[PDB]
Amino acid sequence: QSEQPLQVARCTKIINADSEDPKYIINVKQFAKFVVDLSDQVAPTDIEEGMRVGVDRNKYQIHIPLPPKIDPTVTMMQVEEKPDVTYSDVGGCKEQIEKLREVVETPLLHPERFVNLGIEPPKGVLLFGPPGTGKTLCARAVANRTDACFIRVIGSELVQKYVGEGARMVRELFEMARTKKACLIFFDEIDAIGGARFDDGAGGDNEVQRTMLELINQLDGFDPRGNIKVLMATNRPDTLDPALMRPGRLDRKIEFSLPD
Amino acid sequence: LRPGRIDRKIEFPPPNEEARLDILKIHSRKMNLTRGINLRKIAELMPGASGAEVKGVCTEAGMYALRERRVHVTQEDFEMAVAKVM
Amino acid sequence: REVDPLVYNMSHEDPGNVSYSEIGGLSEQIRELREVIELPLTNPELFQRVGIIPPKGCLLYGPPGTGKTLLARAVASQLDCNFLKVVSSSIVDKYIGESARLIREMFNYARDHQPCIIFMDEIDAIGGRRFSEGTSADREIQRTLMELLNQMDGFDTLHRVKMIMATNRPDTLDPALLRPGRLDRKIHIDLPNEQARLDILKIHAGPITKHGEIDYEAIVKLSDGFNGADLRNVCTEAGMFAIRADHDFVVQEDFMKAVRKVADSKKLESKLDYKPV
Amino acid sequence: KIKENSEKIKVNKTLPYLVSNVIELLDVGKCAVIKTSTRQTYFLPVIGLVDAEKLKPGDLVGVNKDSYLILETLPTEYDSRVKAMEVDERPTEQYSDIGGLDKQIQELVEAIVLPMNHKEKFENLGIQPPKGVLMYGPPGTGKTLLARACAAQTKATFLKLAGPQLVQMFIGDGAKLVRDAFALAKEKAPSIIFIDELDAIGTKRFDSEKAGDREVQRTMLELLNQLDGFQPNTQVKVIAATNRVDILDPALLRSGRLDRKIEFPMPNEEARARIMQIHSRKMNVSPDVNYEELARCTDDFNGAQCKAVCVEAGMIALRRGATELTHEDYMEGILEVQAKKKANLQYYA
Amino acid sequence: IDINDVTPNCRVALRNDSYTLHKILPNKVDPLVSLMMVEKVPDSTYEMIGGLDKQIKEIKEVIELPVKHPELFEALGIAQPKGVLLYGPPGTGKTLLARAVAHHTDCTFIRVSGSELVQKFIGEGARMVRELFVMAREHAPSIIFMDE
Amino acid sequence: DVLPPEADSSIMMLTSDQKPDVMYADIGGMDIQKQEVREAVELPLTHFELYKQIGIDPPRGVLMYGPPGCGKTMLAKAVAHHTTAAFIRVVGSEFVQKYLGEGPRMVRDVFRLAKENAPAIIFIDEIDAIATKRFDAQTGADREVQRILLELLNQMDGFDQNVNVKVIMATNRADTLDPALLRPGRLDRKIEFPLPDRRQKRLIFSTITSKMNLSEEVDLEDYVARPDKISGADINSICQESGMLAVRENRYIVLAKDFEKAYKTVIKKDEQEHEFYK
Amino acid sequence: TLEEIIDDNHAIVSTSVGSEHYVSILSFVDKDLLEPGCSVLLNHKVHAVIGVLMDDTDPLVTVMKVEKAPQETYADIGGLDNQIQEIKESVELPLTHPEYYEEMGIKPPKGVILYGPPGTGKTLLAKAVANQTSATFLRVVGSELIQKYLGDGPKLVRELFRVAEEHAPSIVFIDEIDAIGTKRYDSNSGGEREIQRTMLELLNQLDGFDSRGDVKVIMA
Ligand SMILES: Nc1ncnc2c1ncn2[C@@H]1O[C@H](COP(=O)(O)OP(=O)(O)OP(=O)(O)O)[C@@H](O)[C@H]1O
Ligand SMILES: Nc1ncnc2c1ncn2[C@@H]1O[C@H](COP(=O)(O)OP(=O)(O)OP(=O)(O)O)[C@@H](O)[C@H]1O
Ligand SMILES: Nc1ncnc2c1ncn2[C@@H]1O[C@H](COP(=O)(O)OP(=O)(O)OP(=O)(O)O)[C@@H](O)[C@H]1O
Ligand SMILES: Nc1ncnc2c1ncn2[C@@H]1O[C@H](COP(=O)(O)OP(=O)(O)OP(=O)(O)O)[C@@H](O)[C@H]1O
Ligand SMILES: Nc1ncnc2c1ncn2[C@@H]1O[C@H](COP(=O)(O)OP(=O)(O)O)[C@@H](O)[C@H]1O
Ligand SMILES: Nc1ncnc2c1ncn2[C@@H]1O[C@H](COP(=O)(O)OP(=O)(O)O)[C@@H](O)[C@H]1O
Ligand SMILES: [Mg+2]
Ligand SMILES: [Mg+2]
Ligand SMILES: [Mg+2]
Ligand SMILES: [Mg+2]
Ligand SMILES: [Mg+2]
C-alpha cells in the first residue's frame with residue numbers, strides 16, 4: 001500500500017540539463033518513450049544519461065536510479081561458494097605458486113608495499129601446461145584464498161548462437177567486474193575463444209575472433225581496465241592470439257611443466 | 001549394420017513383370033479403362049520401372065485421354081503414357 | 001498515400017553539386033548510364049519506334065574507389081527527374097518485415113512520382129547471394145531481397161522508374177538480382193588506364209597551386225594500378241609534403257614522392273578484379 | 001487573458017510527454033501524421049504548440065498522451081551506446097610519453113590535427129585534407145597509446161568506437177550504431193572517431209553458398225559509406241587501428257576512406273631504451289642502469305614488453321625490498337618477460 | 001470443475017477479470033495429429049500394395065506379431081524385434097508398406113524427417129531427437145518411420 | 001455478427017486495368033511448360049467435370065520452379081491476361097508483417113477470397129520467401145514465418161475437391177523449399193522452367209524480334225546457333241541492346257552490326273574454360 | 001523471469017511481455033531458490049514477487065533420466081568378470097559401502113571408459129549398472145551431444161551435468177562418445193571447431209573449476 005511498483009526504463013537524454021527545470025527522455029523497455037521529470041526525493045546528480053532510470057507508472061516520474069543491466073548468464077559466474085582447495089594441496093610447482101600468488105593476491109592484500117615503490121603490479125597471468133598439472137587446481141586455490149570477487153568463465157561459455165552475443169557478454173562481464181572494487185576473473189579453457197585470427201576464405205571463426213577481440217580491447221584498450229586481474233588457463237598455449245599473449249594483457253605467463 | 005540392431009532387413013527390388021502388372025492393375029482401378037486393355041502388355045513395355053513410375057504412367061494415360069477430349073482411357077493412352085514416362 | 005520519413009529523406013538527400021566535368025576516364029560508362037537514365041525519360045518514342053522497351057536497371061560495378069558513387073552523385077545532380085538516394089545497408093531494420101515494407105514504400109513512391117530513379121549504393125549489403133543454410137537474419141534479409149526483385153521485375157511492370165545499383169563485390173550478388181531482366185546493363189567502372197589517370201590527376205591537381213613544370217605523364221607512369229581515389233590522395237600527399245616542408249605551393253618532386261608513397265600504401269590491398277557471373 | 005491562456009496551455013503541457021515522430025507533414029492549413037513510440041500512427045489535424053514550418057519528416061517531438069497533440073521538438077536520438085562511447089574525461093598522455101614513435105606521431109598529428117586548427121594552410125594551397133588514418137601495427141607498438149595521446153592533446157570531440165561494439169544481432173543494428181556515431185560526431189564541434197581493433201568489423205567479404213558473415217559485412221558497408229560515400233562528411237576525422245591489415249577488406253583500405261596508412265614498427269634499440277626510460281621515470285631508479293644494454297638484450301621486444309620488463313624489474317626488487325634496480329633487477333625482468341620455457345640446456349658448450 | 005479433469009495440455013476458459021478456470025473447452029488438436037497432418041504421409045493398405053507379398057509377410061511378422069501376439073516370442077524365448085530396415089530404389093513401396101502395416105496393426109505411424117516446421121509440435125525446446133519418445137509412448141503402440 | 005466473406009487485405013486484381021499485357025503469343029517457345037500450366041490451372045477450371053469423369057484428381061499448386069529468367073513470372077502474367085477466372089497475385093514477402101498474426105490472417109484472407117470468387121487462380125511469386133525449410137524458433141521472425149507457412153498448408157489442405165481454386169507458386173531456388181509444401185497431396189504439382197535449348201532460342205528470338213523492325217541482313221540464325229547457356233531474359237536483353245545501339249546511331253532499323261555488338265556486350269560469360277582439361 | 005536481485009524486499013522482474021518492473025519481494029517468498037533466470041510468481045496488479053516456480057522439470061531432464069530399471073543384470077552377463085568387478089568398484093561399491101573408501105582414505109574413481117570393438121557388452125554393463133544402482137541414471141550419446149546452432153553443444157553439456165548434480169547421486173552414461181568426433185554432420189553450423197568447443201565443455205564439466213557433487217561418469 002506504500003511502495004508502488006516501478007517500471008525500469010533508461011534515461012536517453014537530459015533536455016535542458018542546466019539548472020532550469022530539466023526534462024529527461026526515458027525509454028521504458030519495449031513499452032514506450034517519454035519525456036519526464038524527477039521525483040522531489042531524487043537529487044538531479046544521482047541520475048546520468050545512461051543509468052537505468054527506474055520510473056513509476058502514472059506520470060512516469062517517481063525515480064529510483066538503477067544499476068546497469070547484467071545478463072543472468074554472466075551474473076551467474078561469481079564464485080559464491082569458495083573451492084575447498086588450498087595452496088597446500090598443490091605440490092611440485094613452488095615457483096609457479098609464488099608468481100601466481102604475487103600477481104593475484106599480494107596487490108589485493110598489501111597494496112602499500114607496491115604504492116611505496118610506485119610499481120604497477122602485473123595484472124594478467126596465463127597458467128599453461130599439459131592436461132593435468134595444477135592449472136585448474138591453482139585457480140581453485142586462488143579462488144579459495146582470495147578475499148575479492150572471483151568470477152570464473154569457461155571458454156565454451158562465451159560461444160553463443162547470435163552474432164555479437166559473445167562480445168556482448170564479455171563487455172557485461174568486464175563492466176560488472178569494474179562495478180566491483182577488486183575482481184579476479186579466471187578464463188578457464190581459454191583455448192575455446194582465444195585463437196589466432198586467420199583470414200580463411202569462408203569467414204570461419206569470425207564470431208569467436210570478434211568476442212576474443214572484445215576481450216582484448218577490454219583487457220587493454222582506449223580505457224583504464226580497472227582493478228581487474230585476469231587468469232588464463234590453457235593446455236594449448238600455441239593457438240592463442242599474439243595480441244592475447246601480449247604482456248599488456250597476459251603479463252605473467254606461468255608454465256605448469258610436468259613435475260620433476 | 002552391427003548385427004544387433006536392425007532386427008530385420010527387407011528388400012524391395014524393382015518390380016518384376018508380374019509385380020508391375022499388379023501395380024498397374026491397382027493404380028488403374030481408379031480410372032475409366034475402356035473394356036479390354038492389355039495391362040500385361042503395358043507392364044512388359046515398361047521394364048525396369050518402379051511403382052511410382054507405374055502410377056505416373058497411369059496418371060499420364062488419364063491425361064492423354066483428357067488431351068484427346070474423351071471419357072474413357074484406352075490402350076493408346078496407356079501406350080503414349082508409357083512412352084512419355086520412359 | 002503515406003510517404004515514409006525514410007523515403008522522404010531518401011528523395012531529399014543532397015548529392016552535392018557534382019558535375020560531369022569532375023569525372024575523368026569514365027566517358028563510355030557515363031554515356032551508357034545516361035543512355036539508360038536520361039534519354040528514355042525525355043524522348044520515350046524513339047525506342048517505341050525501334051520496337052524495344054528501354055533498359056531499366058544499371059549495375060555500376062568495379063574495384064573500390066573507381067568512381068561509382070561519384071558517377072551516381074553526378075547523375076543525381078545533373079538530372080531533373082525524381083531521384084531516390086539509399087545505401088542498401090540503411091534499409092535493413094530489425095523489425096519483422098520492416099525492410100521489405102520499406103522497399104515496397106520506395107517503389108510506391110517511385111510509381112507515384114512517375115519519372116524516377118532509385119540509386120542503391122553498395123547493393124551487396126542486401127542483394128547478396130541467398131543462403132541454403134543461413135541464419136534467421138540471413139533469411140529476413142533474403143526476404144527483403146526477394147521483395148526488391150519482385151518490385152523490379154515481378155508481376156506489376158515498372159514504367160518510367162529506373163534503377164542504379166553500385167557495387168565493388170559483384171561476384172557475391174544473387175543471380176536473380178544480376179539477371180538481365182532486373183539489372184539490364186552491367187557497366188564496369190574499371191581502374192583508370194593511362195589516359196584516365198592523366199585526366200583524373202589533372203582534375204584533382206587543377207586547384208593545387210603548382211609552381212613548376214609538372215610531368216603528369218611521369219606521375220601517370222608511376223601511378224600504374226592506381227584508382228581515382230588513389231590519384232586524389234597522390235595530390236593530397238604532394239600537398240602534405242608541401243606543408244611539411246613549409247612551402248605554399250607544390251612541385252614535381254613533391255608529386256613524385258606522393259605517388260611513390262601511395263604506391264607503397266597500395267601493397268596492403270588484396271584481390272580487386274571481381275566480376276559478376 | 002494572456003495569463004489565463006498560458007495557464008491553460010501549461011496545464012495541458014504538463015509532463016510527461018510521449019515522444020513521437022513527425023513521419024509526414026501534410027497540407028490540407030498544415031497537419032501531421034505523427035507516429036508515437038507506442039508504435040501508433042496518429043493523424044493530427046492541428047500540429048500543436050510547435051511551429052509547423054519547423055517540423056520535417058522523421059524528427060523527434062513531444063506529444064500529449066491523450067490528445068496526441070505535438071507539444072515540443074526534442075533533440076536527435078543517439079543510442080545510449082553511441083553516447084556512452086564518447087570521451088568526456090580526457091586521457092592524460094603527452095606525446096612525450098610516446099617512445100620510439102616520432103615519424104608516426106608527426107604523420108598522425110598532421111593528418112588529424114592540422115586540418116582542424118590550421119585549415120588555412122590547406123585552403124591556401126588548394127588541397128583536400130587527408131581523410132582517414134589507419135594505424136597498422138604488430139601486437140605491441142603504440143597504436144592505442146598514440147590514440148590516447150591524440151585524444152588527450154587534441155581538445156576536440158573524441159569518439160572511441162572500438163571494433164566489436166558495432167557487431168550486434170537484430171539486423172539493422174550495428175549499421176544504426178555506425179550511422180548514429182558519425183551523426184553525433186558531425187553535430188558536435190570538430191571531432192575524431194577512433195576505431196579500436198578495426199579487424200573485428202572490417203574483415204574481408206567473401207562469396208558463400210551456404211552461410212556467411214553477412215550482418216557484420218553489412219555493418220562494415222555502412223561504415224564504408226559513412227567514411228566515403230554519397231554524402232561527404234569532411235568535418236569528422238577518423239583514425240582506425242589494427243594488428244592485421246591482411247584481414248581487412250580492400251574497400252576499407254582504399255584512399256579516401258583511410259588514406260594515411262601508417263605502419264608502426266618494432267622499436268629499434270634506441271626506441272626500446274626510450275620506452276624503458278619512459279616506464280622507469282616514475283620508479284625509484286638506481287643511477288647505474290645501462291638502458292642501452294637493456295635495449296640490446298631486449299631483442300624484438302615489441303610494445304608493452306618493455307613496460308613489462310620495467311614492471312617485472314620492480315617486482316624483482318620488491319621481493320627483497322629496496323630502493324634500487326642496479327641493472328640486475330632489469331636483467332631478471334628481461335629474463336622473465338622473454339617467457340622462454342624452462343630447459344636444462346646447461347650442457348651446451 | 002473437479003481439478004482432476006484439468007490434465008495438462010487441455011484448453012480451458014478463464015474469466016476475464018481475476019482469471020478463474022470456469023470451463024474445460026474441447027481439447028486442442030493433438031500435437032501428433034498436427035505433425036502427421038503437416039507431414040501428410042498418404043494412407044496405405046495391403047490392397048493398395050501389390051507385387052511385394054513376401055515383403056508384406058516379413059514386415060507383418062516383425063511388426064504385427066510383437067504387438068498383437070507378444071506371447072509367441074515369449075514362448076520361443078527371444079526378445080521382440082524392434083528394428084526394421086527396407087532396402088530399395090526410390091518409389092518401390094517402402095513408405096507404402098510401412099504405412100500399410102502401421103494402419104492394419106492400428107499402430108500410430110509417426111513420420112520423422114527432421115523438418116524444423118514440426119519441431120514445435122515435437123517440443124518447443126527440441127535440442128534432442130529423443131523427445132519424440134514422449135509422444136510415441138503416449139500414442140503407443142507406435143511405429144516411428146524414417147526415410148533416406 | 002458474421003461478416004460477408006469479402007473482408008481481406010489482399011484484393012483481387014481489377015481486371016479492367018491491373019491485368020497484364022503479356023500473351024502466349026508474346027511468350028514464344030516453352031510450349032511444354034505452357035501445356036503443363038494449361039492442364040494444371042486452366043483446363044480443370046472449365047473441365048473439372050471431365051477430370052472427375054475420366055478419373056483424374058486435379059491438382060492445386062504447380063510451383064513453376066526453374067532458373068532465373070526462364071519465363072515463370074512471364075507465364076504467370078500470360079495466364080492472368082488470358083484466363084477468364086478470378087486471379088489473386090501476391091508475393092511471398094508480403095505475408096510477413098510487423099503485427100503478429102498478420103500474415104496468417106493474410107493467407108486466410110487470400111484463400112477465402114479465392115474460394116468465394118471461384119473459379120480463381122492464386123499466384124504467389126517467390127514462395128521461397130516464406131516456404132524456407134530452416135526455421136529457428138526463438139527468433140520471432142522465423143516463428144511468424146512458421147505460422148504463415150503452417151496456415152498456408154492448412155488452407156491448401158482444407159480445399160476439398162469441387163472447389164475451383166488453383167494455386168500457382170514461383171521460386172528461383174526450389175532446393176530451399178520445405179518438402180511439406182511440395183508434399184504429395186493437395187499441396188503442389190511441379191513444372192520446370194529450364195534454360196531454353198537451341199531451338200527454343202530460335203523461337204524466343206523470333207517472337208522478341210517480331211515486334212522490332214530489323215533490316216533484312218540480320219539472319220538471327222547465326223546468333224541462335226551458338227554454344228551459350230542464355231535465358232529468355234538474356235535473349236530479350238540482346239534484342240533490347242541491339243535496339244538501343246540503333247537508337248544511339250539514330251536509326252530506326254536494327255542492323256547485323258547492332259546485333260553483333262549487342263550480343264558481345266550482353267553475353268560476356270566467356271572466361272576460364274581451361275583448354276588442357278579437354 | 002527474475003532478472004536480478006537488488007536486495008531483500010526488492011528485485012527486477014521481467015514480465016512475459018518484456019517489461020522490466022523493479023518491484024518489491026514480500027515476506028511470503030523464501031528469499032531463497034531465487035537466482036537470475038528463475039521463474040517467479042507476480043501479483044497481477046502490483047507485480048510484487050510473491051512466489052517462485054520451476055517445480056516442473058524440462059523435457060531434456062525427462063528424456064535424459066532413466067525412470068526405469070533395465071531388465072538386464074550382472075547375472076545376465078557372461079565372461080566380463082574383471083570388467084564387472086572394476087565397473088562395480090567405480091560406480092556401485094562407493095555407493096553401497098562408502099565405509100571401505102572412507103577408511104582407506106581414497107576417493108573412488110570419478111569416471112570409467114568402456115572401450116571395445118563393435119559389440120562386447122559395454123552398453124550391457126551400462127544397463128546392468130542402471131538396473132542395480134540406486135543413483136539416478138542419465139543416458140546420453142555423442143551424436144546426441146552434437147548440436148545444430150553455435151553454443152548449443154556446450155549448453156547441452158552444461159544442462160546435462162547440472163541435471164546430474166540436481167539429481168545426485170547420479171551416474172551419467174555417455175554412450176558412443178566417439179560420435180562427437182568421427183561423425184561429421186551438416187546440421188552442425190560451426191563444424192569441427194564447434195565440436196572441439198563442445199569437447200572442451202565436456203573437459204571442464206568432467207574436471208573443471210566447479211566442485212562436482214555425487215556424479216559418477218561412465219562413457220562407452
Ligand atoms: N601439482 C599437483 N599437485 C597436486 N595435485 C595435482 C597436481 N596436478 C594435478 N593434480 C591433481 O589433478 C587434478 C588437478 O588437475 P587440473 O584440473 O588442475 O588440471 P589442468 O592442468 O587444468 O588440466 P586440463 O588441461 O585437463 O584442464 C586434481 O585431482 C589434483 O589432485
Ligand atoms: N573517375 C574518377 N574521376 C575523378 N575522381 C574519381 C574517379 N574515381 C574516383 N574518384 C575519386 O574517388 C573519391 C570518390 O570515389 P567513389 O565514392 O566514387 O568510389 P566508388 O567507385 O563508388 O568506390 P567504393 O567501392 O569504395 O564505394 C573522390 O575522391 C573522387 O574524386
Ligand atoms: N613506443 C612506445 N612508447 C611508450 N610506451 C609504449 C610504446 N609502445 C607500446 N607502449 C606501451 O604499450 C602499452 C599499450 O600498448 P598499446 O595499447 O598502444 O598497443 P597497440 O599498438 O594498440 O596494440 P594491441 O592492441 O594489438 O595490443 C602501454 O604500456 C604503452 O606504454
Ligand atoms: N520464353 C521466353 N520468351 C520470351 N521472352 C522471355 C521468355 N522467358 C523470359 N523472357 C523475357 O524475360 C523477362 C521475363 O522474366 P520472368 O519474370 O518471366 O522470369 P522468371 O523465370 O520468373 O525468373 P525470376 O524468378 O528469376 O525473375 C521478360 O523480359 C521476358 O521478355
Ligand atoms: N509395390 C507397390 N504397389 C503399389 N504401388 C506402389 C508400390 N510401390 C510404390 N508404389 C506407388 O509409388 C508411389 C510412391 O511410393 P513410395 O511409398 O514413395 O515408395 P518409397 O517409400 O520406396 O519411395 C506411391 O504412390 C505408391 O502408390
Ligand atoms: N556377455 C556379453 N558380451 C557381449 N555382448 C552381450 C553379452 N551379453 C549380452 N550381450 C548382447 O550384446 C548387446 C550389447 O552390445 P553393446 O555393449 O551395446 O555393444 P556396443 O556398445 O559396442 O555397440 C546386447 O544386445 C546384449 O544382448
Ligand atoms: Mg582444467
Ligand atoms: Mg561508393
Ligand atoms: Mg589497441
Ligand atoms: Mg519472376
Ligand atoms: Mg552400445
# chains A, B, ... in the order shown; residues from 1 in each chain; ligands from 1
>>> residues_near_ligand(ligand="ligand 5", cutoff="6 Å", atoms="only C-alpha atoms and all ligand atoms", output="PDB file with C-alpha atoms, in the first residue's frame")
ATOM      1  CA  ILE B  23       0.851 -52.333 -59.595  1.00  0.00           C
ATOM      2  CA  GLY B  51       5.806 -48.375 -58.599  1.00  0.00           C
ATOM      3  CA  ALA B  52       5.984 -44.586 -58.614  1.00  0.00           C
TER       4      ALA B  52
ATOM      5  CA  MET E  48      -3.259 -50.773 -52.357  1.00  0.00           C
ATOM      6  CA  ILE E  49       0.090 -52.570 -52.135  1.00  0.00           C
ATOM      7  CA  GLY E  50       0.797 -55.066 -54.891  1.00  0.00           C
ATOM      8  CA  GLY E  51       3.753 -57.113 -56.083  1.00  0.00           C
ATOM      9  CA  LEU E  52       5.618 -57.468 -52.751  1.00  0.00           C
ATOM     10  CA  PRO E  90      13.123 -44.823 -54.774  1.00  0.00           C
ATOM     11  CA  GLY E  91       9.384 -45.328 -55.051  1.00  0.00           C
ATOM     12  CA  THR E  92       9.429 -49.124 -54.754  1.00  0.00           C
ATOM     13  CA  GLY E  93       6.920 -49.243 -51.893  1.00  0.00           C
ATOM     14  CA  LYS E  94       8.940 -48.743 -48.691  1.00  0.00           C
ATOM     15  CA  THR E  95       6.872 -45.912 -47.220  1.00  0.00           C
ATOM     16  CA  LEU E  96       3.776 -47.527 -48.725  1.00  0.00           C
TER      17      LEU E  96
END
>>> residues_around(residues="residue 115 (chain F)", least_positions_apart="2", cutoff="10 Å", atoms="only C-alpha atoms", output="MDAnalysis selection string")
chainID F and resid 5 86 109:113 117:121 159 163:166
>>> residues_near_ligand(ligand="ligand 7", cutoff="12 Å", atoms="only C-alpha atoms and all ligand atoms", output="compact mmCIF listing (two decimals) with N, CA, C and O atoms, in the first residue's frame")
# COMPACT_ATOMS: atom_id res chain seq x y z
N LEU A 127 48.30 -19.40 -16.98
CA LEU A 127 48.72 -20.71 -16.49
C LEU A 127 48.58 -21.70 -17.65
O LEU A 127 47.46 -22.05 -18.03
N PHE A 128 49.70 -22.14 -18.20
CA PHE A 128 49.65 -23.01 -19.37
C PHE A 128 50.48 -24.27 -19.13
O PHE A 128 51.57 -24.21 -18.57
N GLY A 129 49.93 -25.41 -19.55
CA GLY A 129 50.61 -26.67 -19.39
C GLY A 129 49.79 -27.88 -19.80
O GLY A 129 48.58 -27.78 -20.04
N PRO A 130 50.43 -29.04 -19.86
CA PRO A 130 49.75 -30.25 -20.37
C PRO A 130 48.51 -30.58 -19.57
O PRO A 130 48.27 -29.99 -18.50
N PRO A 131 47.68 -31.52 -20.05
CA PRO A 131 46.44 -31.85 -19.33
C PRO A 131 46.68 -32.52 -17.99
O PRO A 131 47.01 -33.70 -17.90
N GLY A 132 46.53 -31.72 -16.95
CA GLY A 132 46.69 -32.14 -15.58
C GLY A 132 48.07 -31.75 -15.12
O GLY A 132 49.02 -32.54 -15.24
N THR A 133 48.20 -30.55 -14.60
CA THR A 133 49.46 -30.13 -14.00
C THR A 133 49.24 -29.19 -12.83
O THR A 133 50.22 -28.70 -12.26
N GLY A 134 48.00 -28.91 -12.44
CA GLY A 134 47.72 -27.93 -11.42
C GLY A 134 47.22 -26.59 -11.92
O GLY A 134 47.22 -25.64 -11.14
N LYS A 135 46.78 -26.49 -13.18
CA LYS A 135 46.26 -25.22 -13.67
C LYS A 135 44.93 -24.89 -13.01
O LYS A 135 44.81 -23.88 -12.29
N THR A 136 43.92 -25.73 -13.23
CA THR A 136 42.63 -25.52 -12.58
C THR A 136 42.74 -25.70 -11.08
O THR A 136 42.00 -25.06 -10.32
N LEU A 137 43.65 -26.56 -10.62
CA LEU A 137 43.86 -26.71 -9.18
C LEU A 137 44.36 -25.41 -8.56
O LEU A 137 43.88 -25.00 -7.50
N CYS A 138 45.31 -24.75 -9.22
CA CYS A 138 45.81 -23.48 -8.71
C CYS A 138 44.77 -22.38 -8.85
O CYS A 138 44.71 -21.48 -8.00
N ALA A 139 43.95 -22.43 -9.89
CA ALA A 139 42.85 -21.47 -9.99
C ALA A 139 41.88 -21.63 -8.83
O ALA A 139 41.43 -20.65 -8.24
N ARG A 140 41.55 -22.88 -8.48
CA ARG A 140 40.68 -23.13 -7.34
C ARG A 140 41.34 -22.69 -6.04
O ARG A 140 40.67 -22.15 -5.15
N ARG A 152 34.56 -16.92 -12.34
CA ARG A 152 35.02 -17.95 -13.25
C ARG A 152 34.27 -17.84 -14.57
O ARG A 152 33.07 -17.56 -14.59
N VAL A 153 35.00 -18.03 -15.66
CA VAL A 153 34.44 -18.06 -17.00
C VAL A 153 35.04 -19.27 -17.70
O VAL A 153 36.20 -19.60 -17.48
N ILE A 154 34.23 -19.94 -18.52
CA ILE A 154 34.69 -21.10 -19.28
C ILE A 154 34.64 -20.74 -20.75
O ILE A 154 33.61 -20.26 -21.24
N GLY A 155 35.75 -20.95 -21.45
CA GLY A 155 35.84 -20.59 -22.85
C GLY A 155 34.62 -21.02 -23.64
O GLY A 155 34.18 -20.31 -24.55
N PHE A 186 38.76 -15.37 -14.16
CA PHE A 186 39.50 -16.59 -14.46
C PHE A 186 38.87 -17.25 -15.67
O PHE A 186 37.86 -17.95 -15.54
N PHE A 187 39.45 -17.03 -16.85
CA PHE A 187 39.03 -17.72 -18.06
C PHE A 187 39.74 -19.07 -18.10
O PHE A 187 40.93 -19.15 -18.39
N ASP A 188 39.00 -20.13 -17.80
CA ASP A 188 39.49 -21.48 -17.92
C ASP A 188 39.21 -22.00 -19.32
O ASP A 188 38.24 -21.60 -19.97
N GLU A 189 40.08 -22.89 -19.79
CA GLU A 189 39.93 -23.48 -21.12
C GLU A 189 39.86 -22.38 -22.18
O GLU A 189 39.11 -22.48 -23.15
N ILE A 190 40.67 -21.33 -21.99
CA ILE A 190 40.62 -20.16 -22.86
C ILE A 190 40.88 -20.50 -24.32
O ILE A 190 40.67 -19.66 -25.20
N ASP A 191 41.33 -21.73 -24.61
CA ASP A 191 41.54 -22.13 -26.00
C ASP A 191 40.27 -22.00 -26.82
O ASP A 191 40.33 -21.84 -28.04
N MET A 232 44.31 -16.94 -17.21
CA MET A 232 44.00 -17.67 -18.43
C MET A 232 44.57 -19.07 -18.27
O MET A 232 45.79 -19.24 -18.30
N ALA A 233 43.72 -20.07 -18.14
CA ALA A 233 44.18 -21.45 -18.01
C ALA A 233 44.10 -22.14 -19.36
O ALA A 233 43.06 -22.08 -20.03
N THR A 234 45.18 -22.80 -19.77
CA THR A 234 45.18 -23.47 -21.06
C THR A 234 46.18 -24.62 -21.08
O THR A 234 47.18 -24.61 -20.36
N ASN A 235 45.88 -25.61 -21.92
CA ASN A 235 46.81 -26.68 -22.22
C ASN A 235 47.25 -26.67 -23.68
O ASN A 235 47.99 -27.57 -24.09
N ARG A 236 46.81 -25.69 -24.45
CA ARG A 236 47.27 -25.47 -25.82
C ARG A 236 47.64 -24.01 -25.99
O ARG A 236 46.96 -23.25 -26.69
N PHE A 256 53.20 -24.67 -16.21
CA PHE A 256 53.00 -25.78 -15.29
C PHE A 256 53.57 -27.05 -15.91
O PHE A 256 52.87 -27.99 -16.27
N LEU G 200 35.60 -29.39 -25.25
CA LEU G 200 36.21 -28.59 -24.20
C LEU G 200 35.25 -28.36 -23.04
O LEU G 200 35.65 -28.39 -21.87
N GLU G 201 33.97 -28.14 -23.35
CA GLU G 201 32.96 -28.04 -22.29
C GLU G 201 32.85 -29.35 -21.52
O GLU G 201 32.71 -29.36 -20.30
N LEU G 202 32.89 -30.48 -22.24
CA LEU G 202 32.92 -31.78 -21.56
C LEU G 202 34.14 -31.89 -20.65
O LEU G 202 34.04 -32.40 -19.53
N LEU G 203 35.30 -31.45 -21.13
CA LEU G 203 36.50 -31.45 -20.31
C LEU G 203 36.26 -30.71 -19.01
O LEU G 203 36.53 -31.22 -17.91
N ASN G 204 35.74 -29.48 -19.12
CA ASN G 204 35.52 -28.68 -17.92
C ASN G 204 34.52 -29.34 -16.98
O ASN G 204 34.72 -29.36 -15.76
N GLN G 205 33.43 -29.87 -17.53
CA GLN G 205 32.42 -30.49 -16.67
C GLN G 205 32.97 -31.72 -15.96
O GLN G 205 32.70 -31.93 -14.77
N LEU G 206 33.74 -32.55 -16.67
CA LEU G 206 34.32 -33.73 -16.04
C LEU G 206 35.31 -33.35 -14.95
O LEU G 206 35.29 -33.92 -13.85
N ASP G 207 36.18 -32.38 -15.23
CA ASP G 207 37.12 -31.90 -14.21
C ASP G 207 37.43 -30.44 -14.52
O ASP G 207 38.29 -30.15 -15.37
N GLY G 208 36.74 -29.53 -13.84
CA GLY G 208 36.95 -28.12 -14.05
C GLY G 208 36.97 -27.33 -12.75
O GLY G 208 37.27 -27.88 -11.69
N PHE G 209 36.66 -26.04 -12.83
CA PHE G 209 36.68 -25.20 -11.64
C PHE G 209 35.61 -25.61 -10.65
O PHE G 209 35.88 -25.81 -9.46
N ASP G 210 34.37 -25.75 -11.12
CA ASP G 210 33.27 -26.05 -10.21
C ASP G 210 33.47 -27.41 -9.55
O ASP G 210 33.88 -28.38 -10.20
N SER G 211 33.18 -27.47 -8.26
CA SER G 211 33.32 -28.71 -7.50
C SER G 211 32.13 -29.62 -7.78
O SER G 211 30.98 -29.21 -7.61
>>> interface_residues(of="chain B", to="chain G", cutoff="12 Å", atoms="only C-alpha atoms", output="list in words")
residues 1, 2, 3, 4 and 5 of chain B
>>> select_by_dssp(residues="region 14-107 of chain D", states="strand (DSSP E or B)", output="MDAnalysis selection string")
chainID D and resid 17:21 25:27 30:32 35:36 40:41 44 48 60:63 70:73 86
>>> residues_near_ligand(ligand="ligand 11", cutoff="12 Å", atoms="only C-alpha atoms and all ligand atoms", output="PyMOL selection string")
(chain B and resi 2-5) or (chain G and resi 114-127+139-142+173-179+219-220)
>>> interface_residues(of="chain F", to="chain C", cutoff="7 Å", atoms="only C-alpha atoms", output="ChimeraX atom specification")
/F:68-69,73,77,93,96-98,126,129,136,139,141-142,176,211-213,233-234,237,240,243,247,252-253,269
